[PDB]
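Student: please work out how this folds:
(chains A, B, C, D, E and F)
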Amino acid sequence: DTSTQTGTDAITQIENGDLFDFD
Amino acid sequence: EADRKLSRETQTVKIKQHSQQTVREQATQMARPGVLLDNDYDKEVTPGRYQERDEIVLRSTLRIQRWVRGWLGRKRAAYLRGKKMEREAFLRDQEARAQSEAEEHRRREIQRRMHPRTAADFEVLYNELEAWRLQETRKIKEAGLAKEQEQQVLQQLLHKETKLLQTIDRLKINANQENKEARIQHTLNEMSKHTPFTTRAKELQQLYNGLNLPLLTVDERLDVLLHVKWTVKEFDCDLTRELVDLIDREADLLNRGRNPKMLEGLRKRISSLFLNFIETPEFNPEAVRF
Amino acid sequence: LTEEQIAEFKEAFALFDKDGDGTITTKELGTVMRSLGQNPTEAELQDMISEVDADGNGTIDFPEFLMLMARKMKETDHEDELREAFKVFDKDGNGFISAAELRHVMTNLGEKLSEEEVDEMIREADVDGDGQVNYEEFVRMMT
Amino acid sequence: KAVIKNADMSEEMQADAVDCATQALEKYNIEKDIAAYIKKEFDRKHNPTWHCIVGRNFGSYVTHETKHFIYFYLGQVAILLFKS
Amino acid sequence: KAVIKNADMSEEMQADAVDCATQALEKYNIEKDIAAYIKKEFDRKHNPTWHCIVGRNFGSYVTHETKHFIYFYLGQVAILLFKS
Amino acid sequence: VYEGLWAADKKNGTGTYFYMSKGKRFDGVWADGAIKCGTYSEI
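Tutor: Numbering: from 1, shown residues only, chains lettered A, B, ... in the order given. The relevant structure is shown in the block below.
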């Protein structure tokens, strides 16, 4: 009856001979 | 009485799937040759080619934007087509309604011309006849021949006008008879128009309508006449006695046997007398109002 | 060019502007071309527009409009090829990619994607949040 | 600014229903809870029992009682109520 | 396949309502029209009292009689079948 | 206070009811009864 709707890049490189001691 | 029994609640909300997975920790270990052995289960792969793709993605996005612009233009064209369709439908509906109204007005005018129940229709018909006579007289004057016989032409036109007036008068007489019948019916309806007096008036109106009924059965008419005679004898006045005598005469004729066409006039007489008696304060208390 | 093409062009011109001026402005020229079923990029639309929006009349009269539109319609393109290209361009093999990333790539690559157009397309497609829409299914839904 | 597409109730009842709807919307968040509160308030004031439907998009087609069915839209949702 | 969110009725009645909803959905493709067809079918099938609601975002709490309540989801729409 | 056009009451005419206590006003048409459709504002 009703109708409705609705943080920066970092570069680190080991240098040649930096960490190694020859003697 | 009554009381609440029970109830249930259920809401249909939207639902969706989900996907949850924890992170994965991996460790890559290298070893010196012979210091630590590592199981080998790796798979070799081809070199491959990597490319650049930015230009291809840009071209694809340009094509996609072109298609999107085409779709937007299609939507605009669809809106325009909907507006045009609505305008055309409105114009067609208005034209059809205007044509129907004009046809109804023409039909009403034709019906008024054929049967001028309205006094306005009768006046319009008389005015139209007068205008036609004036046009005929103007045509005769324009012709302007046989001045001696111009009187004869005028006499012929007068005879035609007299015939038309006689036809109009006959139509008016028929309309007047119909209007008198309609006025009697409307007065009867208004009298029956709740109170006990209104109920009595309604019963009297029902009896009168039954008396004035077409193609009624002989037995039904006799029973209605007997009921009306009983109602009249309830009042038992002088006019009531005369009406009862007339009703008894009609019933005796019907029982003796004859064509109802032979007694239709007497039946109309009895109906008129009964209506006149009913339209009295004694028969109907509401008769004071009318 | 032909009778049917002229009727289609008249329908597109009426959709762009039905005032009866007999000409279509440069702003609505792109809309008319889009309603004609063509899919030209923004650069090509500008190329077609400025190639008739110089004479000073403020619009393209009937003859120039019809000849230019016939020249434009002489070209042909395939929507299936574009759909396959988009399916391949989708990063995942199945064609399921992030809507935000795809919209950003489209806006920042080549012809910039309009924000309103992208939002309308996304709303029409209604991609699933739980699982990214496959390329073929998204193409079918869009067209 | 309000809207009521279709309703069947007294003028005072409609005003009371409108006032109740605003109070329910102000004092409730769940649509079903607001509908239940409105239904209970209507039932306690308009000859219980009755029922109501709350949602966002739904076509309605039912046969309610005479002068026992109202419908209106407020805020973001639409409210349809009718006595069972 | 249709999933019944809630149902209080006979299994045959529930199956009959499901068949009516599927037939109405195949025939009527409008939310108001499908509900009207479903309501008409439901009234003629089980009992004169019927109540069919069609929608996708309609969640309501309304009292219903026993053995005369149903709420099922078919495809993407939500169907609520009951007796008024 | 109800002010507007009526036709033997319950008429679908422009009418406004001013609920002073609530401070609101409802304007609409009393179509074949007390009310069928209208809009309520806060005056």
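
Student: all the helices of the stretch 1-150 of chain B, in order from the start?
Tutor: B:53-114, B:119-143, B:147-192 (DSSP state H, counting those that start in this stretch).

Student: got a list of what whatever residue of chain D ends up closest to chain B touches?
Tutor: When scored by Cβ to the nearest Cβ, chain D has residue D:32 as its residue closest to chain B, at 4.8 Å. C-beta coordinates here come from the backbone N, C-alpha and C atoms, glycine included. Shown in contact with residue D:32 (Cβ atoms under 8 Å, 6 or more residues apart in numbering or on different chains): B:9, B:11, D:54, E:59-61.

Student: quick one: stretch B:39-51 to chain centroid distance?
Tutor: A distance of 86 Å separates the C-alpha centroid of stretch B:39-51 from that of its chain, computed with Cα atoms, centre = their mean, to the nearest Å.

Student: I meant to write stretch B:13-22 there.
Tutor: 58 Å.

Student: which secondary structure elements does the helix or strand containing residue B:201 contact?
Tutor: Residue B:201 is located in helix B:196-211, with elements delineated by DSSP states H and E. If you count contacts as 3 or more Cβ pairs under 8 Å, 6 or more residues apart in numbering or on different chains; DSSP states H and E, helix B:196-211 packs onto helix B:147-192, helix B:218-235, helix B:260-278.

Student: CA-only coordinates of the last one in PDB, if you can.
Tutor: Presented in PDB, the C-alpha positions along helix B:260-278 are these (Å, rounded to 0.1, in the frame of the first residue of the first chain):
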ATOM      1  CA  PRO B 260     -49.400  -3.500 -18.700                       C
ATOM      2  CA  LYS B 261     -49.200  -1.000 -21.600                       C
ATOM      3  CA  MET B 262     -53.000  -0.700 -21.100                       C
ATOM      4  CA  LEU B 263     -52.600   0.500 -17.500                       C
ATOM      5  CA  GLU B 264     -49.300   2.400 -17.800                       C
ATOM      6  CA  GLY B 265     -51.200   5.600 -17.700                       C
ATOM      7  CA  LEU B 266     -53.100   4.700 -14.600                       C
ATOM      8  CA  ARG B 267     -49.800   3.600 -13.000                       C
ATOM      9  CA  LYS B 268     -48.400   7.000 -13.800                       C
ATOM     10  CA  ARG B 269     -51.500   8.600 -12.200                       C
ATOM     11  CA  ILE B 270     -51.100   6.500  -9.100                       C
ATOM     12  CA  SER B 271     -47.300   7.300  -8.900                       C
ATOM     13  CA  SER B 272     -48.000  11.000  -9.200                       C
ATOM     14  CA  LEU B 273     -50.700  10.900  -6.500                       C
ATOM     15  CA  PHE B 274     -48.500   8.800  -4.200                       C
ATOM     16  CA  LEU B 275     -45.600  11.300  -4.700                       C
ATOM     17  CA  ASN B 276     -47.900  14.200  -4.000                       C
ATOM     18  CA  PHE B 277     -49.100  12.500  -0.800                       C
ATOM     19  CA  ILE B 278     -45.600  11.600   0.300                       C
END
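
Student: in it, what counts as buried?
Tutor: Residues of helix B:260-278 classed as buried: B:263, B:267, B:270, B:273-275, B:277-278 (neighbour count, 16 or more other Cβ atoms under 10 Å in any protein chain shown).

Student: spell out which parts of chain B neighbour chain E.
Tutor: Contact residues, chain B versus chain E (Cβ under 8 Å from any Cβ of the partner chain): B:4-14.

Student: ChimeraX command for the buried members of those residues?
Tutor: If you want just the buried ones from these in ChimeraX, going by 16+ other Cβ under 10 Å, the selection is:
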select /B:7,8,10,11,12
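
Student: what subset of the residues of chain B next to chain E is also close to chain F?
Tutor: Among the residues of chain B next to chain E, no residue sits close to chain F (Cβ under 8 Å from any Cβ).

Student: around chain F, pick out the residues from chain C.
Tutor: Listed as neighbours of chain F in chain C under the rule Cβ under 8 Å from any Cβ: no residues.

Student: residue in chain C nearest to chain B?
Tutor: When distances are taken as Cβ to the nearest Cβ, chain C reaches nearest to chain B at residue C:34, 2.3 Å away.

Student: residue contacts, that residue?
Tutor: The contact partners of residue C:34, by Cβ under 8 Å, 6+ apart, come to B:69-74, B:76.

Student: show me which of the residues you listed neighbour chain A.
Tutor: Among the contacts of residue C:34, no residue lies close to chain A (Cβ under 8 Å from any Cβ).

Student: ok, those residues vs chain D, which is closest?
Tutor: Nearest to chain D among these, with distances taken as Cβ to the nearest Cβ, is residue B:71, at 24.5 Å.

Student: how about the helices and strands packed on helix B:196-211 in TSV, adding distance to residue B:28?
Tutor: Compiled in TSV, these are given as follows (distance: least, Cβ to Cβ, whole Å):
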stretch	distance to residue B:28
helix B:147-192	108
helix B:218-235	115
helix B:260-278	120
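
Student: right, and those - which one's nearest chain F?
Tutor: Closest among the helices and strands packed on helix B:196-211, using Cβ to the nearest Cβ: helix B:147-192, at 20.5 Å.

Student: noted, bye for now.
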